[PDB]
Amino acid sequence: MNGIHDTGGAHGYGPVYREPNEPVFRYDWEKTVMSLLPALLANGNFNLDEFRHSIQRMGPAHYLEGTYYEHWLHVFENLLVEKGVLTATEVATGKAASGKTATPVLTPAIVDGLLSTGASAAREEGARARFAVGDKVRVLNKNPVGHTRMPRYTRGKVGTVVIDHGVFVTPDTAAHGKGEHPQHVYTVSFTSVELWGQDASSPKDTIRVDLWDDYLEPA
């Protein structure tokens, strides 16, 4: 999706201001919002790829105006409705329609173990690797309306495969209920010049991006 979230190469966002001595959480409400994510993922209410794409789908202005955890809050209020876990009315009123109909999967007994383990996107088997490190590859020019992880700034560009990480779930399909379609993920190295042109580049600098096998074609 060619949305405002795909920021790479954009101008006009200005200086990178940073807070001195920044707390992990700057407001109490952020603690609630943050801790909700693991809780809801544990329920299997949605997967991480759906979560990401839900954020991509908020209003562009809303996305820019909202502090980080407002993005998460948005997903919870909207993706849970889309998935049929909550109704619009419930979300609007903050009052459950009919009592405690579910049981929390994330309980105090398993928090530490679940957090320490996480959930790797790596898979045992999937599509065979078409490319080897050293191969010149071109990123395909695709413009899906749905979820994807090929940044707009890489599309149509030529780079060098520098790492084959093995097989992983494909977010493009996992976010839209089309299965995992596991395949290889590579780190691809692009020169500054190749990405940004003669003028806007520095001769030494390189940009590396992690791209799925079928995002690519031989250069």
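Numbering starts at 1 and follows the sequence shown.
Task: Between 20-28 and 199-207 (mean CA B-factor, as deposited), the higher - done: That would be 199-207.
Task: 36-44 set against 190-198, stretch whose average Cα temperature factor tops the other in the entry - done: The entry gives the higher C-alpha B-factor average to 190-198.
Task: Third of the chain's Cα B-factor distribution that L114 belongs to, per the entry - done: Middle third by C-alpha B-factor.
- [ ] Comparing against every modelled residue in the chain, figure out the third that the C-alpha B-factor of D49 lands in (lowest, middle or highest).
- [x] It belongs to the lowest third of the chain when residues are ordered by C-alpha B-factor.
TODO: Taking the chain's C-alpha temperature factors as the reference, tell me which third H74 falls into: lowest, middle or highest.
DONE: Middle third, going by the recorded CA B-factors of the chain.
Open item on the list: Test of reading the entry: by CA B factor among the chain's modelled residues, which third contains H181?
Closed with: As the PDB entry reports it, the C-alpha B-factor of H181 lands in the highest third of its chain.
Task: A219, C-alpha B-factor rank within chain (lowest, middle or highest third) - done: Highest third of the chain for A219's C-alpha B-factor.
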